[PDB]
């Protein structure tokens, strides 16, 4: 049902004394849209290659030459590979493509094995690419792993080897773009966790700050799964909390009021990060949310006490520095480090956005800084899991970008931003940066092989050239907007 299937069939309808039928069929494959799977290509490869090689032998046409010599690349181009199964199935298909019969058939037909989209080339580059893929995924696997070794990795660094220029001819191929999606989905999530761990373990931070960070980690990354080292680290910090930060029992509204306060109070009352509720009759003090609590927090991370930061009638946290650092950020690492370090975790952004926007249009400048940071932050957090150098992130970004106007168009003025101000900040640090110049390089490579076949055939223009150009142009526009 795919491209190769239709081709094998079509070529298996004989008609070789009429080079013109053979050409139409091949030209159709050149422009086909049918996706294929590794097992599918693997089952059809030898027959497909043999039929293409035989097509050139009997018609001597330029289309047949190009097909046979570049079949490996053309077959891989529309490949649908299930990345949950890793590289093995791809390597297994490459083993078939690269087998002795492929060389024997091309040689006997008097054609090359060495085209830029040929079997030798595809075996070498895709093998290398798969090795890079495997290396990219050999980083932290679990939240448990990251907590133990909280390495901070720039999101851009992870898929770096996979989109380097030597792999330019593979870039627009479906399995590559699918693989980029897979790598991003399995690596990016760890950055905010690693960043929060660094704050929890930061000996220059106050005990209360460190305790609250531990709770954000338990809530965002562990839920109900107990990690003993997280457990110990929260307990140590909880035990050292300045008692001045807590509201005295017996004062009005002293009981935890919001879900946040109950969750925090329960963990503090038990010295246990995984306790999130208070059974009735159990006394537990809540953290103060008055302006005086700010002196009990770290100046750069007050928002980590999100209940205080959200209590806008009583307390104004200082978000000017974090908002400044967020604005100045020109990469995912920079902006996410600015957010998380200041206590603007995913959940806190969600809460502070709600709290500030519920007061619009009449916001103070200090409230604007909190709201701006929380609005941009929520958008950054949403995009981060998808972040990468390929088509999937372009699509994920566009989806997010389309929601900004209906969400924020009416509060941007109140937030003190110009028209499109949210998108203008988000684009500065999170805009997709795919190396789409690879698409052009890939086309250049294919046309060099077309031009080689044109010369062997003794022409200066071929239908092959026009079909392939039409195909590549459709892909370039329809996928990348080029």
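Positions refer to the first chain, counted from 1.
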Worksheet item: Out of 201-209 and 338-346, which stretch has the higher average CA B-factor listed in the record?
Response: 201-209
Response to the item:
Of 252-260 vs 318-326, the stretch with the larger average CA B-factor in the entry is 252-260
Fill in: Of the residues 441, 413, 33, 39, the one carrying the largest Cα B-factor as recorded
33
Worksheet item: Out of 86, 332, 361, 280, which one has a C-alpha B factor higher than all the others in the entry?
Response: 280
Worksheet item: Should residue 286 be placed in the lowest, middle or highest third of its chain by the C-alpha B factor in the entry?
Response: highest
Worksheet item: If you rank every modelled residue in this chain by C-alpha B factor, which third holds residue 456: lowest, middle or highest?
Response: highest
Worksheet entry | residue 229 - Cα temperature factor, lowest/middle/highest third of chain | highest
Practice prompt. Relative to the other modelled residues of the same chain, rank the CA B-factor of residue 434 and answer lowest, middle or highest third.
Written response: lowest
Worksheet, complete the sentence: Chain thirds by Cα B factor, record data; residue 222 belongs to the highest
